[PDB]
Each structure stands twice: as C-alpha cells, then as structure tokens.
Protein chains: 2
Amino acid sequence: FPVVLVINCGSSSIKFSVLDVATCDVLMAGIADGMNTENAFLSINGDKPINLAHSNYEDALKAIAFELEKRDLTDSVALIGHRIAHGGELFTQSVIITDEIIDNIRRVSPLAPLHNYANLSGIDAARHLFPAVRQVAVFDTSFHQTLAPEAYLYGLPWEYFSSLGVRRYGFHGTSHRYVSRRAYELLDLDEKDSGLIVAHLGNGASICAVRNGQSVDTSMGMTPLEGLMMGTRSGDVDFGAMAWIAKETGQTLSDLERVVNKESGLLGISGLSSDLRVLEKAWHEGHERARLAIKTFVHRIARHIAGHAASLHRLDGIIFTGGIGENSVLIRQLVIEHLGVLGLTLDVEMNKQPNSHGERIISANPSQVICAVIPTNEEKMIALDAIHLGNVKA
Amino acid sequence: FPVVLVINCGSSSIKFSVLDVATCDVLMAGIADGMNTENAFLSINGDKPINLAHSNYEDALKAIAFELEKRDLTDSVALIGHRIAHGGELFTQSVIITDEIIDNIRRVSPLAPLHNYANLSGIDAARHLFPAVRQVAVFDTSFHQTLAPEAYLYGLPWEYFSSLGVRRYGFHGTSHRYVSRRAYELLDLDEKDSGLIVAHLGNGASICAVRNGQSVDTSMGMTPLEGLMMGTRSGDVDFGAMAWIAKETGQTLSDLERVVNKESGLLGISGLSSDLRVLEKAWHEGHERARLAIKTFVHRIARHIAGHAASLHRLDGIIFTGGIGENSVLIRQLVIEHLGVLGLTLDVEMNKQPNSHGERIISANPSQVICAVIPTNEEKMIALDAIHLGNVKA
Ligand SMILES: Nc1ncnc2c1ncn2[C@@H]1O[C@H](COP(=O)(O)O)[C@@H](O)[C@H]1O
Ligand SMILES: Nc1ncnc2c1ncn2[C@@H]1O[C@H](COP(=O)(O)O)[C@@H](O)[C@H]1O
C-alpha cells in the first residue's frame, strides 16, 4: 500500500500529512512549529511535542522522515506533494517538480516573499531526503488563472502589470477547485453548464465564482489582503483612507501593513479575538463590538457572494466551506438571510446539522439557488494531482 | 420671480448656476476657472472667457455678482445653495448656514482637505456679498448617513473609527438622492417598499443601494478612491499590492496617491485617455488596451451593482445616471448583459435612444428587474432643499 507525503511549509511552521493512495485517507498528520527559532518542536497527531532545539527546515524534515521510518512507511512513500503559495502567471496546473519548475518558482517568489521562499526550502529538503521519489508542486493560485483580463486587471497604469506583474491572482485555489468538483456530484450538475459561488470561510476568507468548471472571479487579489474581512486581516480597504491614516498618525507603509495583517479584521473591530467561537459567545453575553465584528463580517461576505454572481450566466449553487463555513450555523444563516434578494430559502433543520454530516444541502425546496456545505480537503486534492502525475513519463 | 444661486467651489474652479424658483429651470450658468493661479478667467454659458488676472475666491465671486447685477437679477436672489464635499457624521440633511454650521464644517474638513476648505471659502465670500440672503449647505455625503455600522465600518482597529473617524462616508449623495426620488415616479414604486440600485457613472463613478427610500450601501469609501474604477481613479485596489509597489519602485505614499488619483483608471490601463468617447472610438479602430479599459470598467460596475443588491430585500430597479450613464449606449448594454444572472432583459430599441429622451425605461417586458435611465440634476436638488429651507424660521 503506497502513500503520498503532503508538505506545507509556512514561514514559522511545517505542516504534513501522509495519505493512503488506495483510499485517500489520512494515516498520519503533524506540525513542526517554531521554525528557524531558538526552539523548534515536532508534534504528530497531538502526540506530545518533541523538541529539536534551534532547528532549520532541513533538520525538521529529517525528523519527520525519521518518524516516518519508525512507523515503517519510508519505503512506502511513492509521491511527495508540495503546497506552493504563489505560482504567478507561469503555473496554470499542478506539475512534476524538476529543475525548470524550481527556477520558475524562484522567478515568481518576489510576489509572495514570506511564504514562497519557505516552500522552496521544503522542496530542497524533500529532494535531499527522497531523491528517488517523484515530487509534485500544487499551487494555491493556479485555479484562478482562467480569469479574463477584465477580472484580474487593476485600474493602475498598465506598466505595473506588464513590467512588474501587478494583477489579481487570488488564493485558496486548491480548496475552491476541490469544493467545485464535489458540488457537481452533490448538486447533480453538468460541469460544462454550471455557475457556482464557493465561500471559503476560515483562516483566510475568499470567494470564488466558478462558471462551467472554470474560475472566473475571486475575492482575494495580488495578496491575500484584498476581499473579505478576516480574523486579523482587514479585507477591502480604501487606499485614500490608508493614505490619510499615514499622514494623521505618522506611520510608515510597513507600519500599516503590520496593522492590516495582524491587528485588523475581526480582532480589530471587536478588540477581543480573531476566533469566531469567542465572538459568538461574547455577543451571546451582550458584547456590542463582537456583534458588530460578526455583522460586518457577514455583510462583506454577502456583498462579495452577490458581487461574484455577476460573473455567471446563471446561479446554481452557493457552497460554504472552510473552518467557519463548515461549522458556524449562525454565520451561514446570517449570510443567506442577507442574500434574500437572490431568492434563497434556508432549511434551518438542515442548517442546524453539525459538520459530521459532511457534504449536505442546507436550502429548502422553494429556493431559487441551492445552498450547501461541503467540507474542503486540500490534502486529498494535492494527493489526487500527485496520483495523476504519478502515471506520467518525466 | 425669485431665483436660487447655486455655488460649487472646487480647489481650482468655481461652478455656478442660477435657477428660477418657480420652474427650477436654469437661467444662467458659468465657471470661474484657474482659481488662485496667476491667471483666472470667468466664462458664462461659454460666452467668451473674461480674465481677472491673479484673482482669489472672494474676487471671483464678486465678478459673478457683478455679472449677476448686469442682468438685473442681484436683487432677485432669494437663496444661495452651497455644494459641500464632506459632511462627516455631523450632517444627515441639508441645513441653513449659520455660525454653528460653519464651525462644524471646519471640524470635519480634515476628512477632505482639498475640496472642503475651498467650500468654506465660497461660504465666506457669499456671506460677505449677500448677507441679507438666506444661505444653505448641501452635503455630498449626507444621504449615505442612513448606512448601518456593518455597511460603513472598515476591518481596521476600532480605534481609527472612534478616535479619528475612519469609516465609509460615500459620495454623489445629492445625485443618488435626486435619481432615487425620480425613480419612484418613473417605475411607479412605493418608496416605503422598494429596492433600487443607482449607478452614477461619469466624472467619478459610484454605486448606491436604496432600500425603502434610504441609502443602505455605497461603493465609494472615506475618500472617492474606493469602489468603481474611473477616468483617472483606480477604484478598488489591493493594499498589499500598493505596499508591494512601494518597496519595488521606491515610491512614497504621496507618490502612489498621485498615481491612483490622476494617472490611473481608464487612463491608466489604456494609456490613451480618461474620456470614454475617445476609448469607444479607439476600440472601434481595433485598439486592444482601450477595449480592456472599457471591459474592466464594465466588469467592476457589474460586480458592484450585483454586490450592492445584497443590501436589498428585493431588487426592483437599476438606474443609470451621470455623464456616462445617460449617454453611453455601449456601456449600459455591456453592464446589463454582464448582469444576466439577475434575470435582466434589455430593450435595445429603447437603449439606443439618446439622452434627449430624458427619463426613460430601457428594459424589455420579460425582465425581472426594470432598467432605466434618469438624467441627474444636482442643481435642481440643491434648489429644492433651499426652497424648502426658505420657508423656515431661523
Ligand atoms: N464550531 C465553530 N463555530 C464557529 N466558528 C468556528 C467553529 N470551529 C472553527 N471555527 C472557526 O474556524 C476558523 C479556522 O479556520 P480553518 O483554518 O479554515 O479551520 C477559526 O477562526 C474559528 O473561529
Ligand atoms: N456620448 C457619450 N458617450 C460616451 N461617454 C460620454 C458621452 N458623453 C459624455 N461621456 C462621458 O461622461 C464623462 C463626464 O461625466 P460627467 O462629469 O458626469 O458629465 C466623460 O468622462 C465622458 O467620457
């Protein structure tokens, strides 16, 4: 029974999963946190953190490989999948990693300096430790490459796009792609004749319009700062307002970039938490700013769901996914009730059901548009691409 | 026959109109251009520019008053209407100008330093030259004050809103208000039970959602930089992208603010013109970048029209207004065809009709939503507020 090793290298951690090729089931999962710091530890399935002390990306991947060996599945690793943050314009699909690909990843790495260079460090490590294993790169931007110029061009001077490559790229592509495929089965839709809106709500929040199997619009921009308001991210923000704050408080562009990424969003408005479970409980206890943060969060999602619907000839489905989208009974209902204009009617018995019920339809019968919850599986989608590319001569 | 003098003071010009109280008809109109410069001239109805040479706001208003006297209508001026750019949170409706109002205008003037201080200079001048005449302030933001916190709060730290007043204000309020009123008559709608989308396309471009006579969402933000892409303005732009350009080109926040306001938008993408008539002709001659600029322009309008529709319980009408919205047969159709999801069908015979046909319905019969063109009259709306306030004890 061969397996796929899925690796996601962040700036501060390394997340990994081992999926069984036969059933696409998770056999092992873990996180190597506190990366590049003075203290680095490795937890597997939450099985008590084991430290390495001042360890790098290569040493951490070697520790995971040693734990991979302790369970006798090292020689069973047939494929290695790498999650890549930014693929620029060069990558439209998942590819088998070669010297050419690496060079191309380094080319578009300036577009995401924090995340993309960390991905390359993971590629270099896995190459060193598993050279006779086929390795695959899956890009978080590639799905959105089917966008037309009108959908990705910014109203900036053309030169920024042609010379520097300033345009909408969009993220959560792997998730949007996975959820799309599942929606055609759950809603019983013909891919070649369909219009979906996928709402990935969780860590980061993004919307995607999927027309006839292709991504036609997405809420995130060149960076994950554009679009929906998030946990700590501001979302859509007037540049004039940002320029006004820079003059009135005397802050640098770096200072405001810190504020927008880490001090804003749900955390910013409420002044309490970035976690939704905390804010839901706070509002339940009569916290006004927690109510406002959630109400604003809901509003901007509804605004973008209806907004992205314009890039469709016909609206068949709205799919909720991600940590928030799969679990929050409240957020789903408030968003759908905010979208009464589109002729949606919700089934509250179905919307009450917890995530254990998996891929479920939550809209009632008289509804013009089918509303559904589909749990996203980014690890399975990476594995599926890897399995497909595992049958290929390179 | 008493008259209303309407004054709009920009940073570089003074636009004025004299409307007859009885019929709300324009009797005289002119522009004093090149304000505060070494050479300032005054044109009335395009009746050959007459220079004053190095003239200020008070001297220019005195020249208009002298030309007002030459036509024997100085003693006929019953009311003076002032267009004010930014009213902050303090002004929800048009008011009679007193010492209190002036102080309050200066309070919120930091929110629009370029335009708002010029408005005060016009107020000071008209006070000096017409002290026994009732004077009224009409605010370009006041109509959007009915917005709920979820619609105007940014995903920034709460402190920026509470201390500095960073929130969505929105503009074109006078136009959105005027067009709304007219729509209830043209579409035969009950104000208290209606949902409209008003698309003001022209100089600046903004969208407004009008639920039951009240503004519930608007595309422009704290500054007119947010929302739709415009002639020279970028519109919605990823802050992460703007921060990325600042690092890669080594430009100041002031440099990028210049680029976004004057070098971007339709002019930015095409690299040709901010004027739509030029770009329409250019695309007709096979100019690709003029086609892209227009296609992108259309796309962002459709995205925001459908987006703002979420803030409505029911969509009754989409109204096109402004220089572009009233005249561009192409832009109207491309936008409506982009909004096929909402179930709109256009009557192309009606959409062909030039602006001379005034307030006209452009959608066919099977259409789910009525599409119409209503010419905006910001001068008439200012006069109407002034006439109403002219019957009041102060
Ligand atoms: N039962 C729940 N109700 C509401 N929000 C939840 C729940 N479980 C997880 N979340 C949110 O999901 C987010 C995590 O997103 P993700 O990284 O996609 O799992 C966190 O910000 C949580 O606030
Ligand atoms: N016949 C027309 N066709 C297309 N665009 C027009 C036409 N007339 C005026 N415009 C546009 O309207 C804008 C002026 O807007 P406004 O200041 O609202 O009159 C300009 O940018 C013109 O490009």
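Backbone-built Cβ (ideal geometry, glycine too); neighbour counts: all protein chains shown. No value in this document is a laboratory result; all are computed from the given coordinates.
General observations
- Checking each residue of the range A:245-255 against the condition of being surrounded by 24 or more Cβ atoms within 10 Å (Cβ to Cβ) and either within 16 Å of ligand 1 (Cβ to nearest atom) or over 23 Å from A:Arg303 (Cα atoms) (or both) gives no match.
- Failed item, numbered, when A:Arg289 is tested on (1) closer than 21 Å to A:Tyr178 by Cα; (2) assigned to a helix (DSSP H, G or I): (1)
- Check on B:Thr345, among the polar types (S, T, N, Q), without any contact (Cβ under 8 Å) to a residue 24 or more places away in the chain, under 29 Å from B:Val216 (Cβ atoms) and more than 16 Å from ligand 1 (Cβ to nearest atom): yes
- Residues that are surrounded by fewer than 21 Cβ atoms within 10 Å (Cβ to Cβ) and either more than 25 Å from A:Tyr169 (Cα to Cα) or more than 16 Å from ligand 2 (Cβ to nearest atom) (or both) do not occur anywhere in the range B:226-235.
- Matching residues in the range B:255-294 - criterion: being under 25 Å from A:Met242 (Cβ atoms), more than 15 Å from ligand 2 (Cβ to nearest atom), of a type outside the set (A, V, I, L, M, F, W, C) and within 8 Å of chain A (Cβ to nearest Cβ): B:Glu257, B:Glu263
- Residue selection: B:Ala372 satisfies the criterion of being aliphatic (A, V, I, L, M) and not in a helix (DSSP H, G or I).
- With respect to the conditions (1) more than 16 Å from ligand 1 (Cβ to nearest atom); (2) in contact with a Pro (Cβ under 9 Å, 6 or more places away or on another chain); (3) among the hydrophobic types (A, V, I, L, M, F, W, C), A:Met230 lacks only one, and its number is (1).
- Residues in the range B:328-341 that are buried (at least 17 other Cβ atoms within 10 Å of the Cβ) and at the interface with chain A (Cβ under 8 Å from one of its Cβ atoms) were compared, and the one that is farthest from ligand 2 (Cβ to nearest atom) is B:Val341.
- Every residue from the range B:217-238 that is β-branched (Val, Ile, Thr) and under 17 Å from the mean Cα position of the chain (by Cα): B:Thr218, B:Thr223, B:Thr232
- Filtered residues of the range B:236-254 (kept if more than 7 Å from chain A (Cβ to nearest Cβ) and part of a loop (DSSP other than H, G, I, E, B)): B:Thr249, B:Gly250, B:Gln251, B:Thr252
- Selection count where residues are within 10 Å of ligand 1 (Cβ to nearest atom) and either more than 22 Å from the chain's Cα centre (by Cα) or within 13 Å of chain B (Cβ to nearest Cβ) (or both), scope the range A:315-327: 0
- Here A:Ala241, A:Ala282 are screened, and the one residue that is more than 24 Å from the chain's Cα centre (by Cα), within 16 Å of ligand 1 (Cβ to nearest atom) and of a type outside the set (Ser, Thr, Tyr) is A:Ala282.
- With respect to the conditions (1) assigned to a strand (DSSP E or B); (2) surrounded by 15 or more Cβ atoms within 10 Å (Cβ to Cβ); (3) among the hydroxyl-bearing types (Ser, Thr, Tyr), A:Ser43 falls short on a single one, namely (2).
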